[PDB]
>>> print(open('final-v5.txt').read())   # compact mmCIF, N, CA and C atoms and all ligand atoms
# COMPACT_ATOMS: atom_id res chain seq x y z
N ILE A 4 21.07 -112.22 99.61
CA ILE A 4 21.53 -112.94 100.80
C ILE A 4 22.48 -112.05 101.60
N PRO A 5 22.17 -111.86 102.88
CA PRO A 5 22.95 -110.93 103.71
C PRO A 5 24.27 -111.53 104.17
N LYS A 6 25.07 -110.68 104.81
CA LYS A 6 26.45 -111.03 105.13
C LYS A 6 26.53 -112.26 106.03
N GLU A 7 25.80 -112.25 107.15
CA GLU A 7 26.03 -113.28 108.16
C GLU A 7 25.19 -114.53 107.93
N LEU A 8 24.13 -114.43 107.12
CA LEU A 8 23.50 -115.65 106.64
C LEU A 8 24.47 -116.44 105.78
N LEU A 9 25.26 -115.75 104.96
CA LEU A 9 26.25 -116.43 104.13
C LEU A 9 27.35 -117.05 104.99
N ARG A 10 27.80 -116.33 106.03
CA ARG A 10 28.83 -116.88 106.90
C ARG A 10 28.31 -118.09 107.68
N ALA A 11 27.05 -118.03 108.13
CA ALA A 11 26.46 -119.18 108.80
C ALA A 11 26.34 -120.36 107.84
N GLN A 12 25.83 -120.11 106.63
CA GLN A 12 25.71 -121.17 105.63
C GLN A 12 27.07 -121.77 105.31
N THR A 13 28.11 -120.93 105.18
CA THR A 13 29.45 -121.44 104.91
C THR A 13 29.97 -122.26 106.08
N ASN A 14 29.70 -121.83 107.31
CA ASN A 14 30.11 -122.60 108.48
C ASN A 14 29.42 -123.96 108.51
N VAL A 15 28.12 -123.99 108.20
CA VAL A 15 27.39 -125.26 108.21
C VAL A 15 27.95 -126.22 107.17
N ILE A 16 28.37 -125.69 106.02
CA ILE A 16 28.90 -126.55 104.96
C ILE A 16 30.28 -127.08 105.34
N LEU A 17 31.14 -126.21 105.88
CA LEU A 17 32.49 -126.64 106.23
C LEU A 17 32.47 -127.68 107.34
N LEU A 18 31.60 -127.51 108.34
CA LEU A 18 31.52 -128.49 109.41
C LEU A 18 30.99 -129.83 108.90
N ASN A 19 30.21 -129.82 107.82
CA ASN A 19 29.65 -131.06 107.31
C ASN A 19 30.64 -131.83 106.44
N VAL A 20 31.46 -131.12 105.65
CA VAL A 20 32.46 -131.82 104.85
C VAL A 20 33.52 -132.44 105.75
N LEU A 21 33.86 -131.77 106.86
CA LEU A 21 34.77 -132.37 107.83
C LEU A 21 34.11 -133.53 108.56
N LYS A 22 32.80 -133.46 108.77
CA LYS A 22 32.06 -134.55 109.39
C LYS A 22 32.14 -135.83 108.55
N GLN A 23 32.53 -135.72 107.29
CA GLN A 23 32.60 -136.86 106.39
C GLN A 23 34.01 -137.42 106.28
N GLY A 24 35.01 -136.64 106.65
CA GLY A 24 36.37 -137.06 106.48
C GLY A 24 37.29 -135.88 106.52
N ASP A 25 38.51 -136.12 106.98
CA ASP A 25 39.49 -135.06 107.05
C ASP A 25 39.78 -134.57 105.64
N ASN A 26 40.11 -133.29 105.53
CA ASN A 26 40.28 -132.71 104.21
C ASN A 26 41.17 -131.48 104.32
N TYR A 27 41.71 -131.08 103.18
CA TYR A 27 42.52 -129.89 103.05
C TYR A 27 41.73 -128.82 102.31
N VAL A 28 42.17 -127.57 102.45
CA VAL A 28 41.36 -126.43 102.04
C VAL A 28 41.07 -126.46 100.55
N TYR A 29 42.10 -126.66 99.72
CA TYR A 29 41.89 -126.70 98.28
C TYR A 29 40.98 -127.84 97.88
N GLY A 30 41.07 -128.98 98.57
CA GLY A 30 40.17 -130.08 98.27
C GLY A 30 38.74 -129.79 98.68
N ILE A 31 38.57 -129.14 99.84
CA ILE A 31 37.23 -128.75 100.28
C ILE A 31 36.60 -127.80 99.27
N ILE A 32 37.37 -126.84 98.77
CA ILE A 32 36.83 -125.82 97.88
C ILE A 32 36.32 -126.47 96.59
N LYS A 33 37.10 -127.38 96.01
CA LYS A 33 36.68 -128.02 94.77
C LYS A 33 35.48 -128.94 95.00
N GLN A 34 35.48 -129.69 96.11
CA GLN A 34 34.38 -130.61 96.37
C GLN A 34 33.07 -129.86 96.59
N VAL A 35 33.12 -128.71 97.25
CA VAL A 35 31.92 -127.90 97.44
C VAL A 35 31.45 -127.32 96.11
N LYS A 36 32.40 -126.86 95.29
CA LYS A 36 32.04 -126.28 93.99
C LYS A 36 31.35 -127.30 93.10
N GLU A 37 31.84 -128.54 93.09
CA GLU A 37 31.22 -129.57 92.28
C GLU A 37 29.98 -130.17 92.94
N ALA A 38 29.85 -130.03 94.26
CA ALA A 38 28.61 -130.40 94.93
C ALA A 38 27.56 -129.30 94.86
N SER A 39 27.93 -128.11 94.40
CA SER A 39 26.99 -127.01 94.18
C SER A 39 26.77 -126.74 92.70
N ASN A 40 27.16 -127.68 91.84
CA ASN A 40 27.02 -127.55 90.38
C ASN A 40 27.69 -126.27 89.88
N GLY A 41 28.79 -125.90 90.52
CA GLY A 41 29.60 -124.77 90.11
C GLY A 41 29.18 -123.42 90.65
N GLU A 42 28.07 -123.35 91.39
CA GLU A 42 27.57 -122.05 91.82
C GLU A 42 28.33 -121.49 93.02
N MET A 43 28.85 -122.35 93.89
CA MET A 43 29.46 -121.92 95.15
C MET A 43 30.97 -122.11 95.08
N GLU A 44 31.69 -121.02 94.86
CA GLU A 44 33.16 -121.02 94.84
C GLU A 44 33.64 -120.42 96.15
N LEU A 45 34.04 -121.28 97.09
CA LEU A 45 34.48 -120.80 98.39
C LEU A 45 35.87 -120.17 98.29
N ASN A 46 36.14 -119.23 99.19
CA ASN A 46 37.35 -118.43 99.17
C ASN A 46 38.30 -118.89 100.27
N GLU A 47 39.60 -118.98 99.94
CA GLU A 47 40.57 -119.55 100.87
C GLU A 47 40.70 -118.70 102.13
N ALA A 48 40.73 -117.38 101.98
CA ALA A 48 40.93 -116.50 103.12
C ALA A 48 39.82 -116.67 104.16
N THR A 49 38.57 -116.67 103.71
CA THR A 49 37.46 -116.85 104.63
C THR A 49 37.45 -118.25 105.23
N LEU A 50 37.90 -119.26 104.48
CA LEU A 50 37.96 -120.61 105.01
C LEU A 50 38.96 -120.71 106.16
N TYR A 51 40.08 -120.00 106.06
CA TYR A 51 41.09 -120.10 107.10
C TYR A 51 40.70 -119.32 108.35
N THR A 52 40.05 -118.16 108.19
CA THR A 52 39.59 -117.43 109.37
C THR A 52 38.48 -118.19 110.10
N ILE A 53 37.65 -118.93 109.36
CA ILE A 53 36.66 -119.79 110.00
C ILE A 53 37.35 -120.94 110.73
N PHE A 54 38.27 -121.61 110.05
CA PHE A 54 38.99 -122.73 110.67
C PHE A 54 39.83 -122.25 111.85
N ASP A 55 40.52 -121.11 111.70
CA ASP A 55 41.34 -120.60 112.78
C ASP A 55 40.51 -120.36 114.04
N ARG A 56 39.27 -119.90 113.87
CA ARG A 56 38.38 -119.73 115.01
C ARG A 56 37.90 -121.08 115.52
N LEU A 57 37.51 -121.98 114.62
CA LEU A 57 37.06 -123.30 115.03
C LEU A 57 38.17 -124.11 115.70
N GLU A 58 39.43 -123.78 115.43
CA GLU A 58 40.53 -124.45 116.11
C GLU A 58 40.62 -124.02 117.57
N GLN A 59 40.68 -122.70 117.81
CA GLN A 59 40.74 -122.20 119.18
C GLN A 59 39.48 -122.53 119.96
N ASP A 60 38.34 -122.71 119.29
CA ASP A 60 37.12 -123.15 119.95
C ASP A 60 37.14 -124.64 120.27
N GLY A 61 38.12 -125.38 119.77
CA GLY A 61 38.14 -126.82 119.95
C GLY A 61 37.19 -127.59 119.06
N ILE A 62 36.61 -126.95 118.05
CA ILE A 62 35.65 -127.64 117.19
C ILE A 62 36.37 -128.53 116.19
N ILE A 63 37.47 -128.04 115.61
CA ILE A 63 38.26 -128.79 114.65
C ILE A 63 39.71 -128.76 115.08
N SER A 64 40.51 -129.63 114.48
CA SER A 64 41.94 -129.67 114.74
C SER A 64 42.68 -129.85 113.42
N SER A 65 43.97 -129.55 113.44
CA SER A 65 44.79 -129.55 112.24
C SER A 65 45.94 -130.52 112.40
N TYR A 66 46.40 -131.06 111.28
CA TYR A 66 47.59 -131.90 111.27
C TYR A 66 48.19 -131.88 109.87
N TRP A 67 49.50 -132.12 109.82
CA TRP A 67 50.23 -132.12 108.55
C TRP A 67 50.07 -133.47 107.86
N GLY A 68 49.76 -133.43 106.57
CA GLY A 68 49.56 -134.64 105.80
C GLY A 68 50.87 -135.26 105.34
N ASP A 69 50.73 -136.30 104.53
CA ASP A 69 51.88 -136.98 103.95
C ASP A 69 52.67 -136.03 103.05
N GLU A 70 53.99 -136.13 103.12
CA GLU A 70 54.86 -135.31 102.28
C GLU A 70 55.33 -136.02 101.02
N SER A 71 55.10 -137.33 100.91
CA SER A 71 55.24 -138.00 99.62
C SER A 71 54.28 -137.42 98.60
N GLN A 72 53.07 -137.06 99.04
CA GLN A 72 52.05 -136.48 98.17
C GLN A 72 52.36 -135.00 97.96
N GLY A 73 53.46 -134.76 97.25
CA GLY A 73 53.88 -133.40 96.96
C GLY A 73 54.80 -132.82 98.01
N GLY A 74 54.21 -132.09 98.96
CA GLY A 74 54.98 -131.51 100.03
C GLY A 74 54.18 -130.56 100.89
N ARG A 75 54.02 -130.91 102.17
CA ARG A 75 53.47 -130.01 103.17
C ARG A 75 52.04 -129.59 102.85
N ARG A 76 51.06 -130.38 103.29
CA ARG A 76 49.65 -130.07 103.12
C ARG A 76 48.94 -130.26 104.44
N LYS A 77 48.23 -129.22 104.89
CA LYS A 77 47.56 -129.25 106.19
C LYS A 77 46.14 -129.78 106.03
N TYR A 78 45.83 -130.83 106.79
CA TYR A 78 44.49 -131.40 106.84
C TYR A 78 43.78 -130.96 108.11
N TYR A 79 42.46 -130.84 108.02
CA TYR A 79 41.63 -130.46 109.16
C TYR A 79 40.65 -131.59 109.46
N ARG A 80 40.32 -131.75 110.74
CA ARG A 80 39.39 -132.81 111.12
C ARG A 80 38.43 -132.31 112.18
N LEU A 81 37.21 -132.83 112.13
CA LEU A 81 36.18 -132.51 113.11
C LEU A 81 36.44 -133.32 114.38
N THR A 82 36.61 -132.63 115.50
CA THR A 82 36.95 -133.29 116.75
C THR A 82 35.73 -134.04 117.30
N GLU A 83 35.96 -134.78 118.39
CA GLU A 83 34.85 -135.36 119.13
C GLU A 83 33.97 -134.28 119.74
N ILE A 84 34.58 -133.16 120.16
CA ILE A 84 33.81 -132.03 120.67
C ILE A 84 32.96 -131.43 119.55
N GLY A 85 33.48 -131.42 118.33
CA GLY A 85 32.74 -130.91 117.19
C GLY A 85 31.65 -131.85 116.73
N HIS A 86 31.94 -133.15 116.73
CA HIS A 86 30.93 -134.14 116.37
C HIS A 86 29.72 -134.06 117.29
N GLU A 87 29.96 -133.89 118.59
CA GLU A 87 28.86 -133.86 119.55
C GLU A 87 28.08 -132.56 119.44
N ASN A 88 28.77 -131.43 119.24
CA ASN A 88 28.06 -130.16 119.07
C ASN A 88 27.21 -130.16 117.82
N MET A 89 27.65 -130.86 116.77
CA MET A 89 26.79 -131.03 115.60
C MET A 89 25.61 -131.94 115.90
N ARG A 90 25.82 -132.94 116.76
CA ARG A 90 24.72 -133.82 117.15
C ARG A 90 23.70 -133.09 118.01
N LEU A 91 24.14 -132.14 118.84
CA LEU A 91 23.21 -131.37 119.65
C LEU A 91 22.39 -130.41 118.80
N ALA A 92 22.96 -129.93 117.70
CA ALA A 92 22.26 -128.99 116.83
C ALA A 92 21.16 -129.69 116.05
N UNK A 93 21.24 -130.85 115.21
CA UNK A 93 20.78 -132.19 115.53
C UNK A 93 19.45 -132.11 116.27
N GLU A 94 19.76 -132.39 117.63
CA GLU A 94 18.64 -132.52 118.55
C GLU A 94 17.81 -131.24 118.60
N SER A 95 18.51 -130.10 118.62
CA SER A 95 17.84 -128.82 118.82
C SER A 95 16.90 -128.48 117.67
N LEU A 96 17.26 -128.85 116.44
CA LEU A 96 16.41 -128.53 115.30
C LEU A 96 15.11 -129.32 115.35
N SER A 97 15.20 -130.64 115.48
CA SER A 97 14.00 -131.46 115.63
C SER A 97 13.23 -131.11 116.90
N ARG A 98 13.90 -130.53 117.90
CA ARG A 98 13.20 -130.04 119.08
C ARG A 98 12.41 -128.78 118.75
N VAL A 99 13.04 -127.83 118.05
CA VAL A 99 12.33 -126.63 117.62
C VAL A 99 11.21 -126.99 116.65
N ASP A 100 11.46 -127.98 115.79
CA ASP A 100 10.48 -128.36 114.77
C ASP A 100 9.12 -128.68 115.38
N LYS A 101 9.10 -129.60 116.35
CA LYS A 101 7.82 -130.01 116.92
C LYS A 101 7.26 -128.97 117.88
N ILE A 102 8.11 -128.09 118.42
CA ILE A 102 7.60 -126.95 119.19
C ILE A 102 6.78 -126.04 118.29
N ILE A 103 7.23 -125.85 117.05
CA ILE A 103 6.48 -125.04 116.10
C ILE A 103 5.19 -125.74 115.70
N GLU A 104 5.29 -127.02 115.31
CA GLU A 104 4.10 -127.80 115.02
C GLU A 104 3.09 -127.71 116.16
N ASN A 105 3.56 -127.75 117.40
CA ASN A 105 2.66 -127.68 118.54
C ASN A 105 2.03 -126.30 118.68
N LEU A 106 2.64 -125.26 118.09
CA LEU A 106 2.15 -123.91 118.34
C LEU A 106 0.84 -123.64 117.62
N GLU A 107 0.70 -124.11 116.36
CA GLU A 107 -0.53 -123.89 115.58
C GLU A 107 -1.57 -124.94 115.89
N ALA A 108 -1.13 -126.17 116.17
CA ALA A 108 -2.01 -127.15 116.79
C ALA A 108 -2.73 -126.49 117.96
N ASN A 109 -1.95 -125.91 118.87
CA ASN A 109 -2.50 -125.16 119.99
C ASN A 109 -3.09 -123.82 119.57
N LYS A 110 -2.62 -123.22 118.47
CA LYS A 110 -3.11 -121.89 118.09
C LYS A 110 -4.54 -121.96 117.58
N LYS A 111 -4.81 -122.82 116.60
CA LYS A 111 -6.17 -122.90 116.06
C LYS A 111 -7.10 -123.64 117.01
N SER A 112 -6.61 -124.71 117.65
CA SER A 112 -7.44 -125.47 118.59
C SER A 112 -7.80 -124.68 119.84
N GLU A 113 -7.37 -123.43 119.96
CA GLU A 113 -7.84 -122.55 121.02
C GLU A 113 -8.55 -121.32 120.48
N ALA A 114 -8.16 -120.84 119.30
CA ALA A 114 -8.92 -119.80 118.63
C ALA A 114 -10.31 -120.28 118.23
N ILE A 115 -10.61 -121.57 118.39
CA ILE A 115 -11.94 -122.11 118.13
C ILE A 115 -12.96 -121.57 119.12
N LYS A 116 -12.52 -121.08 120.28
CA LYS A 116 -13.43 -120.62 121.31
C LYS A 116 -13.59 -119.10 121.30
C1 LIG A 201 24.79 -128.95 112.38
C2 LIG A 201 25.33 -128.02 113.13
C3 LIG A 201 25.67 -126.65 112.54
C4 LIG A 201 25.81 -125.62 113.67
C5 LIG A 201 24.45 -125.03 114.07
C6 LIG A 201 23.55 -124.65 112.89
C7 LIG A 201 23.54 -123.43 112.21
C8 LIG A 201 24.45 -122.24 112.52
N1 LIG A 201 22.59 -123.50 111.21
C9 LIG A 201 22.23 -122.46 110.24
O1 LIG A 201 22.35 -121.32 110.53
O2 LIG A 201 21.73 -122.88 108.99
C10 LIG A 201 21.42 -121.97 107.96
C11 LIG A 201 20.31 -121.00 108.36
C12 LIG A 201 20.92 -122.77 106.77
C13 LIG A 201 22.66 -121.19 107.51
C14 LIG A 201 22.01 -124.74 111.28
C15 LIG A 201 20.86 -125.41 110.43
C16 LIG A 201 20.41 -126.81 110.72
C17 LIG A 201 21.05 -127.57 111.83
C18 LIG A 201 22.14 -126.92 112.64
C19 LIG A 201 22.60 -125.45 112.32
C20 LIG A 201 26.76 -124.51 113.21
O3 LIG A 201 27.16 -124.50 112.10
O4 LIG A 201 27.14 -123.51 114.11
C21 LIG A 201 28.52 -123.43 114.32
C22 LIG A 201 26.45 -126.28 114.89
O5 LIG A 201 25.91 -126.22 115.94
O6 LIG A 201 27.68 -126.94 114.77
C23 LIG A 201 28.30 -127.22 115.99
>>> encode(input="final-v5.txt", output="structure tokens")
Amino acid sequence: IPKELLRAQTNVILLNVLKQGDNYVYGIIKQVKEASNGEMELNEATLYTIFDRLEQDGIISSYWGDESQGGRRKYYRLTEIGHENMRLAXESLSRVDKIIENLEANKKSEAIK
């Protein structure tokens, strides 16, 4: 698996766990590891550089959690701008899907001549 396929796959996973509920980095890492049957151990440094970019892009936002629960924990949430961009990707995949289906429908139904 090449470098940027892994980064894309990691981005798709992080945006989906936030799509389910706000979460903190250590919690995201454990939940992904147990949702991958232990195979996928995400790294904190790469998670923060992804989030730091997604913050300036307006895709996600950050806020400080409760301090009764230990002390000082940053939670991340998928914004409305992020929810809609995921919905468009959404639309775009099922749009590409039937464009491909239409290509061989049209490919063989014309190679007949
Ligand atoms: C649901 C939205 C995720 C997405 C776009 C996206 C990427 C990059 N996919 C991808 O490469 O899947 C691999 C090949 C399995 C790794 C997708 C695969 C299926 C559906 C959407 C995507 C995103 O993560 O880009 C930031 C988006 O548009 O979110 C706003």
>>> closest_residue(input="final-v5.txt", among="A:83, A:44, A:113, A:69", to="ligand LIG 201 (chain A)", atoms="only C-alpha atoms and all ligand atoms")
A:83
>>> closest_atom_pairs(input="final-v5.txt", of="chain A", to="ligand LIG 201 (chain A)", cutoff="8 Å", atoms="only N, CA and C atoms and all ligand atoms", output="tab-separated table")
residue	atom	partner	partner_atom	distance
A:7	C	A:LIG201	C13	7.1
A:8	C	A:LIG201	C13	5.4
A:9	N	A:LIG201	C13	6.5
A:10	C	A:LIG201	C13	6.4
A:11	C	A:LIG201	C13	3.8
A:12	N	A:LIG201	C13	3.5
A:13	N	A:LIG201	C13	5.9
A:14	C	A:LIG201	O3	4.3
A:15	CA	A:LIG201	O3	4.0
A:16	N	A:LIG201	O3	6.3
A:17	N	A:LIG201	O3	7.6
A:18	CA	A:LIG201	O3	6.5
A:19	N	A:LIG201	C1	7.1
A:62	CA	A:LIG201	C23	7.5
A:84	C	A:LIG201	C23	7.2
A:85	C	A:LIG201	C23	5.8
A:86	N	A:LIG201	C23	7.0
A:87	C	A:LIG201	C23	6.4
A:88	C	A:LIG201	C23	3.6
A:89	N	A:LIG201	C23	3.8
A:90	N	A:LIG201	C1	6.0
A:91	C	A:LIG201	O5	6.2
A:92	C	A:LIG201	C18	4.5
A:93	N	A:LIG201	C17	4.7
A:94	N	A:LIG201	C17	7.7
A:95	C	A:LIG201	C17	7.2
A:96	CA	A:LIG201	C17	5.9
A:97	N	A:LIG201	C17	7.5
>>> residues_around(input="final-v5.txt", residues="region 23-28 of chain A", least_positions_apart="6", cutoff="6 Å", atoms="only C-alpha atoms", output="list in words")
residues 77, 78, 79 and 80 of chain A
>>> atom_distance(input="final-v5.txt", atom1="atom N of residue 63 (chain A)", atom2="CA of residue 81 (chain A)")
5.3 Å
>>> axis_aligned_box(input="final-v5.txt", around="region 13-20 of chain A", padding_each_side="3 Å", output="lines of an AutoDock Vina configuration file")
center_x = 30.5
center_y = -126.7
center_z = 107.1
size_x = 12.1
size_y = 17.5
size_z = 10.6
>>> atom_distance(input="final-v5.txt", atom1="CA of residue 61 (chain A)", atom2="CA of residue 39 (chain A)")
28.1 Å
>>> atom_distance(input="final-v5.txt", atom1="CA of residue 20 (chain A)", atom2="atom N of residue 82 (chain A)")
11.5 Å
>>> select_by_dssp(input="final-v5.txt", residues="chain A", states="alpha helix (DSSP H)", output="ChimeraX atom specification")
/A:6-23,28-38,47-59,83-114
>>> select_by_dssp(input="final-v5.txt", residues="chain A", states="strand (DSSP E)", output="number ranges by chain")
A: 63-67, 77-81
>>> closest_residue(input="final-v5.txt", among="A:21, A:114, A:32, A:38", to="residue 50 (chain A)", atoms="only C-alpha atoms")
A:32
>>> build_atoms(input="final-v5.txt", residues="region 105-116 of chain A", atoms="N, CA, C and O atoms", output="JSON list (two decimals), in the coordinates of the input")
[["chain", "number", "residue", "atom", "x", "y", "z"],
["A", 105, "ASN", "N", 3.56, -127.75, 117.40],
["A", 105, "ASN", "CA", 2.66, -127.68, 118.54],
["A", 105, "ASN", "C", 2.03, -126.30, 118.68],
["A", 105, "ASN", "O", 0.97, -126.16, 119.30],
["A", 106, "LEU", "N", 2.64, -125.26, 118.09],
["A", 106, "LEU", "CA", 2.15, -123.91, 118.34],
["A", 106, "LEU", "C", 0.84, -123.64, 117.62],
["A", 106, "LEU", "O", -0.07, -123.03, 118.20],
["A", 107, "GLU", "N", 0.70, -124.11, 116.36],
["A", 107, "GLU", "CA", -0.53, -123.89, 115.58],
["A", 107, "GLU", "C", -1.57, -124.94, 115.89],
["A", 107, "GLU", "O", -2.77, -124.67, 115.82],
["A", 108, "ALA", "N", -1.13, -126.17, 116.17],
["A", 108, "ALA", "CA", -2.01, -127.15, 116.79],
["A", 108, "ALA", "C", -2.73, -126.49, 117.96],
["A", 108, "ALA", "O", -3.96, -126.45, 118.01],
["A", 109, "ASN", "N", -1.95, -125.91, 118.87],
["A", 109, "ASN", "CA", -2.50, -125.16, 119.99],
["A", 109, "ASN", "C", -3.09, -123.82, 119.57],
["A", 109, "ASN", "O", -3.99, -123.31, 120.25],
["A", 110, "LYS", "N", -2.62, -123.22, 118.47],
["A", 110, "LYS", "CA", -3.11, -121.89, 118.09],
["A", 110, "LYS", "C", -4.54, -121.96, 117.58],
["A", 110, "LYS", "O", -5.41, -121.22, 118.06],
["A", 111, "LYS", "N", -4.81, -122.82, 116.60],
["A", 111, "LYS", "CA", -6.17, -122.90, 116.06],
["A", 111, "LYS", "C", -7.10, -123.64, 117.01],
["A", 111, "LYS", "O", -8.26, -123.26, 117.16],
["A", 112, "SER", "N", -6.61, -124.71, 117.65],
["A", 112, "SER", "CA", -7.44, -125.47, 118.59],
["A", 112, "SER", "C", -7.80, -124.68, 119.84],
["A", 112, "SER", "O", -8.47, -125.24, 120.73],
["A", 113, "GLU", "N", -7.37, -123.43, 119.96],
["A", 113, "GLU", "CA", -7.84, -122.55, 121.02],
["A", 113, "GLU", "C", -8.55, -121.32, 120.48],
["A", 113, "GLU", "O", -9.46, -120.81, 121.13],
["A", 114, "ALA", "N", -8.16, -120.84, 119.30],
["A", 114, "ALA", "CA", -8.92, -119.80, 118.63],
["A", 114, "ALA", "C", -10.31, -120.28, 118.23],
["A", 114, "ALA", "O", -11.13, -119.46, 117.78],
["A", 115, "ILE", "N", -10.61, -121.57, 118.39],
["A", 115, "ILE", "CA", -11.94, -122.11, 118.13],
["A", 115, "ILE", "C", -12.96, -121.57, 119.12],
["A", 115, "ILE", "O", -14.17, -121.58, 118.84],
["A", 116, "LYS", "N", -12.52, -121.08, 120.28],
["A", 116, "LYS", "CA", -13.43, -120.62, 121.31],
["A", 116, "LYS", "C", -13.59, -119.10, 121.30],
["A", 116, "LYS", "O", -14.23, -118.54, 120.41]]
